[PDB]
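Student: Experimental structure below, sequence on top.
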Amino acid sequence: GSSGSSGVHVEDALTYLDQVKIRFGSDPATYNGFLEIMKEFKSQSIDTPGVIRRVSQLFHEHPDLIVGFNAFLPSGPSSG
């Protein structure tokens, strides 16, 4: 058929988080860098478009993840 799971409940943040760990299981070095990248944002150091710059480079070998996140993100042009 086709691999795909539609319908994401509100609380859909950690979801993408874990995925990063699973994909980069044998490669902990990659995951680590990601953890730090977040901190920056959690410290009011970078902005939405700022965290993406770091991620991109990190998941450079994974274009599917870099793009997936963008959309995945809850925030957007949607009401609110």
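Tutor: Cool, the structure landed. Residues are numbered from 1 along each chain as shown.
Student: Relative to residue 43, how far out is residue 19?
Tutor: Distance, residue 19 to residue 43, by Cβ to Cβ, to the nearest Å: 24 Å. Quick note: C-beta positions are derived from backbone N, CA and C, even for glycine.
Student: and if you look at residue 14?
Tutor: Applying Cβ to Cβ to residue 14 and residue 43 gives a distance of 20 Å.
Student: same thing with residue 21?
Tutor: The span separating residue 21 from residue 43 equals 22 Å under the rule Cβ to Cβ.
Student: go on, residue 3?
Tutor: 37 Å.
Student: list the contacts for the residue nearest in space to the middle of the chain?
Tutor: Nearest to the mean C-alpha position of the chain, by Cα atoms, centre = their mean, lies residue 69 at 4.3 Å. Residues near residue 69 by Cβ atoms under 8 Å, 6 or more residues apart in numbering: 16, 52, 55.
Student: SS state for residue 79?
Tutor: What DSSP: H, G, I helix; E, B strand; the rest coil gives for residue 79 is coil.
Student: hmm, back to that, settle it for me: which of residue 3 and residue 43 has more neighbours?
Tutor: In this comparison of residue 3 against residue 43, neighbours counted by other Cβ atoms under 10 Å, the higher total goes to residue 43 at 8 against 4.
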